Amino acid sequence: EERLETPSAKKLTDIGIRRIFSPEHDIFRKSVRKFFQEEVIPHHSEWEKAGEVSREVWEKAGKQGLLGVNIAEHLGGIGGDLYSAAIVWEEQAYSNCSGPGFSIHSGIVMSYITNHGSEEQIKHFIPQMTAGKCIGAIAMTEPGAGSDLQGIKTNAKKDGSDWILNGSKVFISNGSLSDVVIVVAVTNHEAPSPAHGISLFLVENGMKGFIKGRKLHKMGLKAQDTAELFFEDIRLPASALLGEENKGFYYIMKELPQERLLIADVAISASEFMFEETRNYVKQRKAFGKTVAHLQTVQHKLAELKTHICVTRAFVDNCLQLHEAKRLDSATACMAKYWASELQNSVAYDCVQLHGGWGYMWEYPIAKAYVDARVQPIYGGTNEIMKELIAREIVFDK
């Protein structure tokens, strides 16, 4: 009826603001937020030391209806609009807890399985995934090839109705907890272009020859279980194949737009969270007989940060609106992923600076936020690549 946009809101993270949301979305958001305050934030520090979140926190997120929110109810998901899905990405961001990998799981893997899987595959996976009993992961990057997809060597050869898979992936989110992993492999070692020789497989924990590697020591996402996967002559039945044979690259191209929107929103949300935290810190930090928020350099530094966050938010919210109507193209999503991910980092740099030396301490949220932010301009295709795609329609007009 009379909803406010972020610039005008009391706090960038307030509830019931931004035009793309309805009052039902508001009610949902308040509960998702309660959920993070109570079931996630409290245990996060321990998962960090642990290297991954608990299955128990997944099992609950599912019983609560936070997993597979944009997945069709008649397909096994909870069945909400896109806006309801983003509320989950955003609220997780706002809790500044990066351990839970619900997004990779809910917004990516599940979409691949429902948008391109057999009636059987969907029936078998989707339900467990929504309940959080079956955690999802997707592995496409390899030691050698990450930006040059046309050069990844993981392969799958037919041996009757079966597919024998060999290879290894790296940097796989949820890699440790993963029960089902959508593996990207070369099936046609002789297609004209490697973009017509890739297939997708639903590999599972339990298959002989599926070896999960050591959990990666990173500078951020301390609670995210990023790991390596190895495949040693894994015999996959016919049903392991996700979608049509050799159509692998095609299914991907169609899902990337959403994988990037997801990142873009997460990053700008992260930015909003950092901004209210820091604004807070400097308004309570005594200095020179008053607070640091009284300093003009600080006042303008905060003005520049808020402006860039609201301006960008506007564009991401604009993108969410489009993807809901299924009119979000590759280039567009790319612009959101890239800018939002670069800003997230520039915001963090300045927000750690305003905390002074406490911003370097792990006990303060902003420290986590800073190293957590550096991954965003990298995965989902680096920003360099984002520009390649964006420039396509610019210089090589159809």
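Numbers for residues come from their place in the sequence shown, where the first is 1.
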Mean C-alpha B factor from the entry: is it higher for 269 to 277 or for 225 to 233?
225 to 233
Higher-scoring stretch by recorded Cα B factor average, 239 to 247 or 306 to 314:
239 to 247
Looking at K218, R285, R214, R260, which has the biggest Cα B factor in the entry?
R214
For the listed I152, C97, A264, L202, which has the peak Cα B-factor recorded in the PDB entry?
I152
Third assignment of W47 from its chain's C-alpha B-factors:
middle
Quick check on the deposited entry: does the C-alpha B-factor of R19 sit in the lowest, middle or highest third of its chain?
highest
Divide the modelled residues of the chain into thirds by Cα B-factor and specify which third, lowest, middle or highest, holds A139.
middle
Sorting by Cα B-factor within the chain, modelled residues only, which third would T187 end up in: lowest, middle or highest?
highest
Where the record places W58 (Cα B-factor, split into thirds across the chain):
highest
